[PDB]
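Take a look at this single chain in structure tokens; it is the form deposited in one PDB entry.
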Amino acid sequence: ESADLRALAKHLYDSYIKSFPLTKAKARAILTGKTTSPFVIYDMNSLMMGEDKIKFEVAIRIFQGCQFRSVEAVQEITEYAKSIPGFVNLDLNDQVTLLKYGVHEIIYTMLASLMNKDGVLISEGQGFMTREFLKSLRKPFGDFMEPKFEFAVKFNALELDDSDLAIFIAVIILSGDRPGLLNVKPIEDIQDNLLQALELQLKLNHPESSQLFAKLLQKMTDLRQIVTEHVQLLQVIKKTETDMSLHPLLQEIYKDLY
């Protein structure tokens, strides 16, 4: 059982590397300056000038940029989801439900890997947008990113690694608590095995953090609250600025979500 759970941990990490181009290992090296620098975006001038580096009013340009990144993040997570053993053999309707509720919780989890207390890396590390600039936007645009920074500062203090995060994000989407699940028992059988590999991984990689498993599970509900606040803030955009419209992929995610 022990050698099988460690093979599942090694299986998820290799699939993790192949699914996400900007890993946490690379991101922290860019933030600390311990490598061989991203264009800093701190105002409208640096944004209107750094638009040639962004993979894609001032607030609307940040809105459109996030939507473009979000569409790409969903596709990378979906690719990782298809590599979780047993996930692809589940019924296709439950695969959609599992990804419909788990994508944003994983996006915010991996959004912490690229964050420090000052800002967030954008465009696979080529840019750096500051928290002070994201908080000074016109409302309600200025209150979208601050809850993510507050969570990332607390979440990064756990000092998880890419091998730890690979199992943890797998635990997130394999949650049998999602509404609309047709066959719950096989999904919980996969998660319970994913939790065992996660528990074993945190004991091997972090022999100092005694209750890291317990602390990690407690942040797993903070992600559901961020999603709720993000949804209720997106509905204000739909009502206030009647000019904005969500991407068809993001529209299907939030369509009848919770």
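By rigid core we mean the largest C-alpha set that fits within 1.5 Å across both forms. In this text, residue numbers run from 1 along the sequence as written.
In all of the other compared structures of this protein with flanking residues present, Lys219 is modelled, so it falls below the one-third mark for missing coordinates. Judged by the one-third criterion across other entries of this protein, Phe39, modelled here, is also modelled in every one of those that cover both its neighbours. Counting the unmodelled positions of the deposited sequence between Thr36 and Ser37 gives a small gap of 1 to 3 residues. The deposited sequence places 10 or more unmodelled residues between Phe56 and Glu57. As the entry records it, the average C-alpha temperature factor is higher for 134 to 142, out of 77 to 85 and 134 to 142.
Comparing the deposited coordinates for 106 to 114 and 171 to 179, the stretch with the larger average C-alpha B-factor is 171 to 179.
In the deposited coordinates, the residue among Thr32, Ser70, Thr221, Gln211 with the greatest CA B-factor is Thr32.
Looking only at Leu92, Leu160, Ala166, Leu98, the residue with the top Cα B factor in the deposited structure is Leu92. For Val236, the recorded CA temperature factor ranks within the highest third of the chain's modelled residues.
In the PDB entry, a CA B factor belonging to the lowest third of its chain's modelled residues is recorded for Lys215.
For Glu199, the recorded CA temperature factor ranks within the lowest third of the chain's modelled residues. Sort the modelled residues of the chain by CA B factor and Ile190 lands in the middle third. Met244: CA B factor lies in the highest third for its chain, per the PDB record.
The protein also exists as the form deposited in another entry; that form is not presented, and the subsequent description refers to it.
Superposing the two forms on their core leaves just one of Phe168, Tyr80, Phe151, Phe141 with a Cα displacement of at least 2 Å between this form and the one not shown, namely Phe141. Taking the rigid core as fixed, one finds a CA shift for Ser46 of 2 Å or more between this form and the one not shown. Superposition on the rigid core between this form and the one not shown places the CA atom of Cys66 2 Å or more away from its counterpart. The Cα position of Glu132 differs by 2 Å or more between this form and the one not shown after fitting on the rigid core.
Between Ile253 and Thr23, the C-alpha separation shrinks by 3 Å or more in the other entry, relative to the conformation displayed. With a change of no less than 3 Å, the CA-CA distance between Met115 and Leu250 is smaller in the other entry than in the form shown.
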